[PDB]
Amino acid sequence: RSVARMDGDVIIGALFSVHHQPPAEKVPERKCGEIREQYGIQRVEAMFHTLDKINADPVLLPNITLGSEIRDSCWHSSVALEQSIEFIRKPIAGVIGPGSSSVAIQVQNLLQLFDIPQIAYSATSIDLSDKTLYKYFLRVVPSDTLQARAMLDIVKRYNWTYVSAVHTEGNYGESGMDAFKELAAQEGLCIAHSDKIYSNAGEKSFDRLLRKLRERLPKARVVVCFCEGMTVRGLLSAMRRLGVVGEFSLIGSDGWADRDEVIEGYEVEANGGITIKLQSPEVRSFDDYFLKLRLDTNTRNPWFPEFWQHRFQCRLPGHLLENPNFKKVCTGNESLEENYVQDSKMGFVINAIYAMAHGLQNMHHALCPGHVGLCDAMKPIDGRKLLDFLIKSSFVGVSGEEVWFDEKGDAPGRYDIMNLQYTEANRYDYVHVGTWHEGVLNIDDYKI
């Protein structure tokens, strides 16, 4: 499997969903789906970019260059584990990712055996806060103990007393929904229908899911989905097949948030949806770098050629990765600015990388006092010690966010409440209608 590398004194591993997960039938041979931009290429480039800057920075890690070994997780436990084995087969100092809680648990179960700290940028499961089971895990995002509370507050806000519940099979949906149901039970909120499903389940399964939900109408119109985006898309698609529109009031978790790829093509069935988004400021710095990448000068990113052809539905003559679905040759001058959309969690990806650097810096200050570069004490780097320095690190993120971790490796965070609506213009957009921070729900009622 391809691997994006950058040499340096200390090597940082990373796991990103460069491709979609393998089709249910291909799982055994671990053959992945199509190339991804927001969750794949953009994150791979964000790592390269962040490391470039850090290595060009005189204050952070003065004479210590950070290298990398970026691997594809295909958002799947089996591929992620396969690739994590490669990390431990210069030794990896720490790992960034993967994005899924279930997948993250699989990776952490192996990494902890070699004392390799892991920092997530999107794994929000409450379970990962258990340090007896996940000692070497930390993250720059808040656990879903909060998101579940935010979701219940929204339901309470609009006096909904009877709701249906759906979650994506796996640790993220299961842990999040269990927390929500626990809160609901305390508050006396009734759950009409409850169901679960795998994001990659067949259409017949999503058909069944939808049918079961409709049967609980019209009393159970509100549907709480602690779901991955693809699970939500699977449901919209099922609504498309049955010819139904606007029957439910969907309230989704961060797997949906304000992601365009989730509702693309199904804006009609998705319209009116209310979602939760992890607050993360747009990273302009990244756009300036990313949009200037060219298919001829970007050689450090092994997947770029595959990406370009897919991004511009064109093919590369003679290229081994020539796409057999497009005829118009790639002019190699197409603009990455067309319909461009930055990964919604870009800030977290970047700050997770910076957290790793700050951990290494803090460790160097303590173990190699007065030394210029790495000293005997950090040759090799002791993962167990690096973990403690990471947990005790605090800094200002790429966009001003205060980043630090509590004893459980959890970071502070908050959410933006989004509402999908048909704007004045002939277009559907994610309107920012509110926020949830420290138990306080603020929603602009006139905006909804």
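Numbering starts at 1 and runs along the sequence shown.
For this session: Please say, as none, 1 to 3, 4 to 9, or 10 or more, how many residues of the deposited sequence are without coordinates in the interval between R89 and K90.
Result: In the deposited sequence, 10 or more residues between these two have no coordinates.
Exercise. As stated in the PDB record, which stretch has the larger average Cα B-factor, 125-133 or 275-283?
Worked result: Per the PDB record, 275-283.
For this session: Averaging only over Cα atoms, indicate whether 26-34 or 379-387 has the higher B-factor in the PDB entry.
Result: The stretch with the larger mean CA B-factor is 26-34.
Exercise. Considering only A366, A148, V95, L320, which residue's Cα atom bears the greatest B-factor as recorded?
Worked result: Result of the comparison over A366, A148, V95, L320: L320.
Problem set entry | Identity of residue with top Cα B-factor, from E401, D406, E45, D416 | Answer for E401, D406, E45, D416: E401, with the highest C-alpha B-factor.
Exercise. Lowest, middle or highest third: where is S175 by C-alpha B factor in its chain?
Worked result: Its C-alpha B-factor, which the entry lists for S175, ranks in the lowest third among residues of this chain.
Problem set entry | Chain thirds of CA B-factor: placement of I12 | For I12, whose C-alpha B-factor we compare with every modelled residue in the chain, the answer is the middle third.
For this session: Among all modelled residues of this chain, ranked by Cα B factor, put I263 in the bottom, middle or top third, i.e. lowest, middle or highest.
Result: For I263, the deposited C-alpha B-factor lands in the middle third.
Exercise. In terms of the CA temperature factor given in the entry, to which third of its chain does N333 belong: lowest, middle or highest?
Worked result: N333: CA B-factor falls in the highest third of its chain.
Exercise. Sorting the chain's CA B-factors, does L209 end up in the lowest, middle or highest third?
Worked result: It falls in the middle third of the chain.
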